[PDB]
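Protein chains in written order, with PDB author numbering: chain H, 1 to 52, 52A to 52C, 53 to 82, 82A to 82C, 83 to 98, 101 to 112, 1004 to 1027, 1027A to 1027C, 1028 to 1106, 1106A, 1107; chain P, 1 to 6.
Cβ coordinates follow ideal geometry from the N, Cα and C atoms, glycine included.
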Amino acid sequence: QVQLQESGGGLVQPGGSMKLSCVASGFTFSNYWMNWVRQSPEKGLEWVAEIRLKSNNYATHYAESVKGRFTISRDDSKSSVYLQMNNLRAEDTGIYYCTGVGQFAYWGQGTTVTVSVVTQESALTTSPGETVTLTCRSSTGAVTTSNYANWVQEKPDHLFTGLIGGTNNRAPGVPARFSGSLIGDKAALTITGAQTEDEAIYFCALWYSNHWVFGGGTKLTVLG
Amino acid sequence: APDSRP
Ligand SMILES: *[C@H]1O[C@H](CO)[C@H](O)[C@H](O)[C@H]1NC(C)=O
């Protein structure tokens, strides 16, 4: 198993400061960009920051909501990525994950921080051996391979793993029933013969030049 | 354009 393990979360007062850590093991950490993504009590994922490689001089990008309050950094000889968070506010409350690789294959367990458009189907019901298709549409125009659509699965409850990256590339070890596509102007994920264990929320993410946007997630119920 | 490394 690859492993990413976050730490440093907890309880903070508004105006407060917190630094999160994430340690990578079981793969070549320094060959990949890393990202922080946060979930939040309303369910739903928000990309927070990325950091690239040494050869890029460790260039970083942030979501506007956190720009100038958060800092992402990494230490390759430690297999670690960091998120320094200043001036927290109530709306920063959530579960934070470090995630990366092709492009969101791997996710940590999440660390909780309490401070105290991309369109998907809302919900779908299936059963084992049916085929189901989920779609991911962009309001800005057509989805293309330049959006590097990813699909990520959130099992009950807060267990994330990447299924698809680069539009139509299964991440390693992902079961063959998950199939990524571009169909007309949307990205899509097909489960070609659902199994009982596929009950989960399925999120897509698209790339827009220098940031990711995650869709709202599709809730998949599997009966039987 | 993002991290396309396999
Ligand atoms: C995809 O990303 C990889 C790894 O970071 C390389 O930068 C590769 O050159 C990329 N391809 C393009 C066309 O940007």
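Legend entry - Chain-ordered residues of the stretch 1069-1092 of chain H with a beta carbon less than 7 Å from chain P: Residues of the stretch 1069-1092 of chain H with a Cβ closer than 7 Å to any Cβ of chain P, in chain order: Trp1091.
Inset, instruction - Please report the residue range of the beta strand (DSSP E) in which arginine 1024 of chain H lies. - result: 1018-1025
Inset, instruction - Please check if any C-beta of chain P sits within less than 9 Å of the C-beta of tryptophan 1035 of chain H. - result: No, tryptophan 1035 of chain H does not count as interfacial toward chain P.
Legend entry - Given 8 Å, three or more beta-carbon pairs between the stretch 1005-1024 of chain H and the stretch 1059-1079 of chain H: yes
Inset, instruction - Measuring only between beta-carbons, confirm whether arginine 83 of chain H sits less than 9 Å from chain P. - result: no
Inset, instruction - Whole angstroms is fine: what's the gap from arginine 71 of chain H's alpha carbon to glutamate 50 of chain H's? - result: 10 Å
Inset, instruction - Look up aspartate 3 of chain P in the DSSP assignment and say whether it is helix, strand or coil. - result: coil
Legend entry - Neighbouring residues, chain P, relative to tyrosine 32 of chain H (Cβ below 9 Å): Those within 9 Å of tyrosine 32 of chain H in chain P are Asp3, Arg5.
Inset, instruction - Using 8 Å as the cut-off, classify the Cβ of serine 4 of chain P as near or not near the heavy atoms of ligand 1, replying yes or no. - result: yes
Inset, instruction - Take the Cβ of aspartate 1041 of chain H as the centre, count every other Cβ of all protein chains shown within 10 Å, and call the residue buried at 16 or more, exposed below. - result: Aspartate 1041 of chain H comes out exposed.
Inset, instruction - Examine chain P for any beta-carbon lying closer than 9 Å to the beta-carbon of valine 48 of chain H, and answer yes or no. - result: no
Inset, instruction - Report back the beta-carbon spacing between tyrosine 1032 of chain H and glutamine 105 of chain H to the nearest angstrom; my notes put them in contact at under 8 Å. - result: The Cβ separation is near 25 Å, so there is no contact.
Legend entry - Proximity winner among H:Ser1009, H:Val1027C, H:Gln13, relative to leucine 1066 of chain H (alpha-carbon distances): H:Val1027C
Legend entry - Best match in H:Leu1043, H:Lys52B, H:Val63, H:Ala101 for proximity to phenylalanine 27 of chain H [C-alpha to C-alpha]: The option with the nearest alpha carbon to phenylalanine 27 of chain H is H:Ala101.
Legend entry - For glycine 8 of chain H and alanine 84 of chain H, the rounded distance between their alpha carbons: 18 Å
Legend entry - Span separating the alpha-carbon of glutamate 1008 of chain H from that of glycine 15 of chain H: 37 Å
Legend entry - Contacts around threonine 57 of chain H, its chain only, beta-carbon distance under 7 Å, and the 5 residues preceding and following it disregarded: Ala49, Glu50, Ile51, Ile69
Inset, instruction - Enumerate in chain order the residues of its own chain whose CB-to-CB distance from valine 63 of chain H is below 8 Å, with the five nearest sequence positions on each side excluded. - result: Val48, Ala49, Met82, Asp86
Inset, instruction - Whole angstroms is fine: what's the gap from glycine 1068 of chain H's alpha carbon to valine 1004 of chain H's? - result: 18 Å
Inset, instruction - Look up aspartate 1069 of chain H in the DSSP assignment and say whether it is helix, strand or coil. - result: coil
Legend entry - Own chain residues within Cβ distance below 7 Å of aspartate 1082 of chain H, not counting five before or after: Only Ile1075, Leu1104, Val1106 meet the Cβ criterion.
Legend entry - Straight-line gap, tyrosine 1092 of chain H to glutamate 6 of chain H (C-alpha atoms, nearest Å): 27 Å
Legend entry - Contact list for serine 1030 of chain H against chain P, beta-carbon separation under 9 Å: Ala1
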